[PDB]
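Presented below is the structure to which this report refers.
No value in this document is a laboratory result; all are computed from the given coordinates. In this analysis, Cβ positions are derived from the backbone assuming ideal geometry, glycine residues included, and neighbour counts consider all displayed protein chains.
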Amino acid sequence: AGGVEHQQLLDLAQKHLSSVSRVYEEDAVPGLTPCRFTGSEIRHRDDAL
Amino acid sequence: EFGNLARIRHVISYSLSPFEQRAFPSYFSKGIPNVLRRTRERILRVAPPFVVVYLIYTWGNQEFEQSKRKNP
């Protein structure tokens, strides 16, 4: 963001970060599963505060 | 009145929503042993006076019935 040009940034990005992996180690995709929201409470009682 | 009853430090409490949990979670399977345990803890303090006064009641009724009878 700011005083940059997209083509110069693309040329630098290619020439530097063209060797980032894209290939998996164990070929097992880490899924980003849904999370279960739980209605509950937590109460830490500290009267010295 | 709430807020000035006691001084409590380093205590954490965890709960659930009443809509998030079962009403009767393992009711019989955890309720029959616990009721049996409370019964085992309290029968030797509660029951024997009542057994003794049961015998007093039965003895008094039979002694009243025998005193009703005409002695030959």
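Cβ crowding within 10 Å ranks B:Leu36, B:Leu5 as B:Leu5, B:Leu36, fewest other Cβ atoms first. Note on chain B: Cα Rg divided by 2.2 N^0.38 Å, N the number of residues, gives 2.37.
The helix-based estimate of mean residue ellipticity at 222 nm for chain A, built from -39,500 (n - 2.57) per DSSP H run of four or more residues and divided by its residue count, is -7500 deg cm²/dmol to the nearest 500. May I ask for the distance between the Cα centers of the stretch B:7-37 and chain A, given as a whole number of Å? Here the two parts' Cα centres lie 39 Å apart. Here the translational diffusion coefficient of the protein assembly as shown follows from Stokes-Einstein with Rh set to the Kirkwood radius across Cα pairs; for 10 °C and 1.306 mPa s it amounts to 62 µm²/s.
Across all Cα pairs in chain A, the calculated P(r) in 5 Å bins from zero up to the longest distance comes to 4, 11, 9, 9, 8, 9, 10, 10, 8, 10, 9, 3 percent per bin. Taken over the Cα atoms of the stretch B:31-72, the convex hull encloses 73 Å³ per residue.
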